[PDB]
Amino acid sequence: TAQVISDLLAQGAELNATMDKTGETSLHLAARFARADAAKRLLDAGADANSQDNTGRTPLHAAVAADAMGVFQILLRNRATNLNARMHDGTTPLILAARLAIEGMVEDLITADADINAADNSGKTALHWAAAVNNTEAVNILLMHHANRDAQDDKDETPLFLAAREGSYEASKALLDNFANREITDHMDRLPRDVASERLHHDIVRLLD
């Protein structure tokens, strides 16, 4: 016990330089550097699974961003872990997994019952983001689990609108095949077809037609 505590305090001191710049805790680092072993030790030592760093990330956000599947599962099995924790900009772990295209975690968070329709501060859901970066796999998983397909962000943009706007051909087709409404316009009455045409995304324009 003395050995465990003394080590934690010693390691903590050597890592404070880093943590003072990021606002992270030892658990954040375990997640960021993918150390499943260290992650368990810290949680058993009483580490707060929901502590936030300078951008509002909890160790769960960190695990997703670093694709630390081990630490991720260790956090998911921890009942105190808030799966819907929000970064300062409103980003949840599921939104991060979709936007960063981290494999496996989109399905895991959904299965673990994370709020599938949560949106960041710009009104964008995990589905909005998956569409924007053409993470077609996440788009299909989200849709299979009934994510709101026609959800609109603060600019009234639907995921289909973003896929058209950002040139995500595969994601656009996936949304259309799942009956996303292509007639829902943004705050400027622009159709997904309009923004695609304006940006010369002819392939997506044909798709919408």
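Quick note: we count residues from 1 along the sequence shown, nothing fancier.
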query	finding
Between 42-50 and 169-177 (mean CA B-factor, as deposited), the higher	42-50
Segment of higher mean CA temperature factor, 179-187 or 22-30	22-30
Residue with highest C-alpha B-factor in the PDB entry, from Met87, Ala138, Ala118, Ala112	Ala118
Third of the chain, ranked by Cα B-factor, where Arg79 sits	highest
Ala130 - which third its CA temperature factor falls in, relative to the rest of the chain	lowest
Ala17 - Cα temperature factor, lowest/middle/highest third of chain	highest
Modelled-residue ranking by C-alpha temperature factor, third containing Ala196	middle
